[PDB]
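All remarks here apply to the structure that follows.
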Amino acid sequence: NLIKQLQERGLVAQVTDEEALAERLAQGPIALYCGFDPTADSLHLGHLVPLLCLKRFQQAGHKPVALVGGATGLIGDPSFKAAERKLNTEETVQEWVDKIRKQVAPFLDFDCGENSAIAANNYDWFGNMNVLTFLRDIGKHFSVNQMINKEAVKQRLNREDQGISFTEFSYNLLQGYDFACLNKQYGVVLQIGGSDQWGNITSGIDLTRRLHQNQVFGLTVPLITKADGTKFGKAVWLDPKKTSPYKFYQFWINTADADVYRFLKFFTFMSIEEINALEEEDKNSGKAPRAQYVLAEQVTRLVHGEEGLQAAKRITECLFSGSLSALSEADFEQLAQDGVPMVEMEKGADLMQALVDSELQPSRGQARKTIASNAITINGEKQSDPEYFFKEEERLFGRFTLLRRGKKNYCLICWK
Amino acid sequence: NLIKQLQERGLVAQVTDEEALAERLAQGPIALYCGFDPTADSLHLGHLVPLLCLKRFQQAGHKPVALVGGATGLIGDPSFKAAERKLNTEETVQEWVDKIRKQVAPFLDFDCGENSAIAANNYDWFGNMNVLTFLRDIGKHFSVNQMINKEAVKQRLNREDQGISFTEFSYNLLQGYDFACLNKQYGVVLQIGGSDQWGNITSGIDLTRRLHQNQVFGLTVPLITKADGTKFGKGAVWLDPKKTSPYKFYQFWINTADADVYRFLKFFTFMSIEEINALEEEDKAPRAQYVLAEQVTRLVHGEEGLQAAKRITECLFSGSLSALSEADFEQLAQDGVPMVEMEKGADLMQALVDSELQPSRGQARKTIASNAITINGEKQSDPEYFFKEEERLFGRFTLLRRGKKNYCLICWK
Ligand SMILES: N[C@@H](Cc1ccc(O)cc1)C(=O)NS(=O)(=O)OC[C@H]1O[C@@H](n2ccc(=O)[nH]c2=O)[C@H](O)[C@@H]1O
Ligand SMILES: N[C@@H](Cc1ccc(O)cc1)C(=O)NS(=O)(=O)OC[C@H]1O[C@@H](n2ccc(=O)[nH]c2=O)[C@H](O)[C@@H]1O
Ligand SMILES: [Cl-]
């Protein structure tokens, strides 16, 4: 029972007519979909849970359709958003559509027979749809009375100053019609998404009934919350030019103990039995948990590949050990991007001024004392001379020196 | 000052930035518009007040644009309407558009130089507009918080069972864009309509500022109410003679209450305000109801219509029917007097029973013998009488009257 398997992983928030859907899944393969709007040049970790759920359905023999919102991205989803978004240009949205489509594709199998994945774009049917056709054929089936009362937009109708445009208010209809289109085009009978999408999904179920006289289903995945109550992202992009593999890997390494097993269930393809054995091992080891290391390895390999995972571990190992000889120029570029705090400095700066400019020390007088106390390392090597100037060999690849005050305060000097 | 002149006739419900509009009108001709949606094959008396208002602006030298809602008629205006309307087909709406455009055209001058009237249809811009273009270029300028607070749709936003579809809720944006579109195409700076249109007009004023950075204005005419509190023109009083005959039209006006007659001359005629006031004091039989009937009937149905209406009225009052033509009897059968269809050979007693002028043959016999019945205005007191062929006027019609005023028209099969 796929729904029950997803429920044990904590991956089912809500499901329409669960018995009928489970009966349909057990009968044979179904086609299902999940949509992703282009609001940026990359997806982030928030988008990964439903994307990986498409794969989980596919591994059970179902056919996933990954829709990218070429049209909906020109409108903007208001669902549980406190503020009206500015409209994006057609040129920017198209550039983002191509990037997202390409980023999504490796997570799904496009070559596994009948249930091979399908890439879809709702601009195909909205780009040539007349406004009177939309208002009459689609709009007549929507009650404004019900629409203004949906949880996703109700808060936006409290104050005019923090209100909602007719553009964003119409979004629900567009996503509604997409479900009817995919049902007609590919026999799609299930739509999945995060729990904020419930109302957009159910409008599609109701419209598919009205337009195509077909019974279709909805299933949502919970939005991730941490046990402490704080917000999940602290955003973590899938694109390495936005969030380096090192920072990505470190984010998972630093997962709280109360979230690590749930995150393994949400973000990995490890069996429930293995995750339960990992939790049990951590419970009776007599040591701190090792699950964070397993979670970091799994998700980093999934998103950034074996090469990305090895680069994340090599940077982590070098930063910890102090020995930087194993680092490449590309590794230092991850560090400069977002790995450790960084500063740009003109070559010839003494150690004292590097400490002040890097904000590792408030003044040169303070810098002098901390150097003399043997609290500073240069590329992991201790340097106790206050009057010290860096040697040309300490500027790695001619432009990198890593300063560390104590055991954990880093600043990468990027020489100009 | 034209606004002052309209206020004196009681034709101004509301007006935006009034000093500026009066100033714009005073410096020279403006282009203005009023829209009419196709919800039937004819306009009715309710539509006459803003229609004549376009002509009142045109006489003052302004350029009227008469818009027929070929696109808006496919959506449906919910303004102050208690219930959602069913969608009409594209084929039906197109038939109504052509009938309404042709009914409006004689009320305005399409050949008077610079200020010649223009017929417009919003299907010309909405019929091929892409949905994303509409939602982005127009929809972004509309606040749902503001829309749900418009007086015209409030009664519809309390309960789902007396609710509003997304279709009718989007209407306000189409009428809003129409004003912006007419401002760009023809330099239209004023929109008029009845008071129910206030919110649709003010949305157009706001959108024109947002889209074209132009200042435009709105003016509404009051919805006609009676002194007694009842509904005006109550079914409806249509402009189409095949729906409401010129006789029935004329009679409706003759029977206007004295408390409404002077206000109605101001709203429905081109008579000067000086003339109407002079007519008001003089009544302290009033000739006003007769003057109102004469003016509006001539305006809608022409001199030929007015003469037929007067000719039928006169023949029914006198009982002398020789002046009635075949077409006059056709007006009587349509809606002029109660009518009953009958097979030729029916006796007088049967005609009185079938027409419901008498409850039984035995009673009809007593009524006929009492000299209460006229056949085409001639007394007939033989209870056993059968109609003569010459009494079937144009081989089709016989008018019975019981007593001094109860008529029934027999239409022979
Ligand atoms: N309206 C959806 C995209 C969509 C869906 C179906 C269509 O037919 C058309 C468009 C939307 O705006 N999605 S999203 O791009 O913001 O996110 C994609 C998915 O990721 C989930 N998500 C997003 C952010 C987050 O932190 N957590 C989360 O689960 C959302 O619920 C959605 O299912
Ligand atoms: N929404 C308007 C038509 C319209 C106007 C402007 C546009 O850009 C597009 C469409 C509408 O539905 N009008 S109506 O066809 O119902 O009536 C036409 C006019 O007659 C007035 N009217 C209607 C009935 C009545 O009893 N009294 C009255 O004054 C209305 O206020 C409107 O100005
Ligand atoms: Cl006879």
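A note on names: the letters A, B, ... follow the listed sequences, proteins ahead of strands, and every chain is numbered from 1. Note that ligands are numbered from 1 as they come in the structure, with each ligand's atoms numbered from 1 the same way.
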Could you tell me if the ring centre of A:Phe263 sits under 6.0 Å from that of A:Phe232? yes
Within 6.0 angstrom of B:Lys413 NZ, more than 12 heavy atoms from elsewhere: yes
Which of A:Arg85, A:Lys81, A:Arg156 passes salt bridge (charged side-chain N to carboxylate O under 4.0 Å, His left out) with A:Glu168? Answer is A:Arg156
Looking at B:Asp178, which atoms of ligand 2 are within less than 4.0 Å of one of its heavy atoms? 7 (C), 8 (O), 9 (C)
For B:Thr72, the ligand 2 atoms with a heavy-atom partner under 4.0 Å come out as 9 (C), 10 (C)
Taking only heavy atoms of B:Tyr171, which atoms of ligand 2 are found under 4.0 Å from at least one of them? 1 (N), 2 (C), 3 (C), 4 (C), 10 (C), 12 (O)
What atoms of ligand 2 come within less than 4.0 Å of a heavy atom belonging to B:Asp196? 30 (C), 31 (O)
Where's the contact between A:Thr39 and ligand 1, heavy-atom distance under 4.0 Å: side chain, backbone, both or neither? neither
Determine, considering heavy atoms only, which of A:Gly46, A:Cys34, A:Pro78, A:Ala120 sits nearest to atom 27 (N) of ligand 1. A:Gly46
Who's the nearest protein heavy-atom neighbour of atom 16 (O) of ligand 1, and how far? A:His47 NE2, 4.2 Å
N or O contact, B:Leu67 vs ligand 2, cut-off under 3.5 Å: no
Are A:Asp196 and A:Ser79 close enough that a side-chain donor and a side-chain acceptor fall under 3.5 Å? no
Which of the numbered atoms in ligand 2 are under 4.0 angstrom from any heavy atom belonging to B:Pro50? 19 (C), 20 (O), 21 (C), 29 (O)
Distance only, no hydrogens: is a donor on one side chain within 3.5 Å (strictly under) of an acceptor on the other, for A:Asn183 and A:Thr208? no
Give the contacting part of B:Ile224 toward ligand 2: side chain, backbone, both or neither, where contact means a heavy-atom distance below 4.0 Å. neither
Taking only heavy atoms of A:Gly35 into account, list the atoms of ligand 1 that are under 4.0 Å away from them. 3 (C), 4 (C), 5 (C), 6 (C), 18 (C), 19 (C)
